[PDB]
């Protein structure tokens, strides 16, 4: 009966638009990683994509966040991979191995070197893996 008793505060892991039920961007705001937003805990599906419905001022509103930006996407490495903070800087000494399941959070990032990277890790750390390592 009260959306604000049911709501959970999810951490945004990739900057996120608000969408309406027609999967069109609504308004001019976006939630920035790694801020949190109040949503209903059960996802819904709009045009074959998974979303969380926003709760604002006591009510479930016609504003939806793509679950890719909160839960991310489970992916498998097709190649061994390093973890990068930026184009040239390694984040750590980890070697992720071919076949490992890794969750990536939202759309890839093109770095200054022109290569694409996904954010990994259930945390605010600057830890990115090359998109190429998820493809054959």
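Numbering follows the first chain given and starts at 1.
Note on 44 to 52 vs 64 to 72: mean CA B-factor is higher in 44 to 52. Higher mean CA temperature factor, per the PDB entry, when comparing 35 to 43 with 96 to 104: 96 to 104.
As recorded in the PDB entry, 21 shows the highest C-alpha B-factor of the residues 116, 119, 25, 21. In this PDB entry, residue 126 carries a Cα temperature factor that places it within the middle third of its chain's modelled residues. Per the deposited record, the Cα B-factor of residue 1 falls in the highest third when ranked against the other modelled residues of its chain. Among the modelled residues of its chain, residue 8 has a C-alpha B-factor that falls in the lowest third according to the deposited record.
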